[PDB]
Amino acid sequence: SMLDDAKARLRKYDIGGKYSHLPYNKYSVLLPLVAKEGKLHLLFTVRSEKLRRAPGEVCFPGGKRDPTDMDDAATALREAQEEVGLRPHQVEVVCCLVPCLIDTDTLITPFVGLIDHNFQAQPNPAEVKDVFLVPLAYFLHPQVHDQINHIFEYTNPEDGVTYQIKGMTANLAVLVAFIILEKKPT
């Protein structure tokens, strides 16, 4: 099946806990996969304009590890719950992708999660201005604008709203699309 095939692909890129004990400032992100209308989508947040770090930018749910977290995957799930109301029973964490090094002292670990079909986002307005889906296949043929670094523009055909996706967020979206969608019969 589509979901079994995605999980099987994702598992081949799982690095697991290999890098998780290293003494960094630690953040986790959830790359949330949603199946709608026969296709896979990624769920993105738009950060509240109130936030000091990157107000109004598109990112994945996630945040800083805290002492309660049993592991890095727990960080991502805790933060996703706080930000968009995703409950742990509504997500299956399939794997841990390549961590992202930033600022010399920070390590961001991404987890891919399969999201339950009955989940409906409840944006927490103190943290999240908007939540939206992008079809995973979009990231294979994105609409690119050079700002000189590359920015994706995605227009939701439901309402005509355009979102800008860039940086680590855009890079991780492409990675997940390659992993899941490369080399498939039609």
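So that the term is clear: the rigid core is the largest set of C-alpha atoms that superpose within 1.5 Å between two forms. We number the residues from 1 along the sequence you see.
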Comparing 49-57 with 32-40, which has C-alphas lying farther from the shown form in 8 other deposited structures of this protein once the core is aligned? 49-57
According to the PDB record, deposited residues with no modelled atoms between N118 and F119 number none
Looking only at C-alpha temperature factors in the entry, 149-157 or 62-70, the higher average sits in 149-157
Of 98-106 vs 72-80, the stretch with the larger average CA B-factor in the entry is 98-106
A173 - Cα temperature factor, lowest/middle/highest third of chain: lowest
Compared with the other modelled residues in the chain, in which third is the CA B-factor of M2? highest
Of the three thirds of Cα B-factor ranks in this chain, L140 occupies the middle
What third of the chain, by the recorded C-alpha B-factor, contains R9? middle
Divide the modelled residues of the chain into thirds by Cα B-factor and specify which third, lowest, middle or highest, holds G38. middle
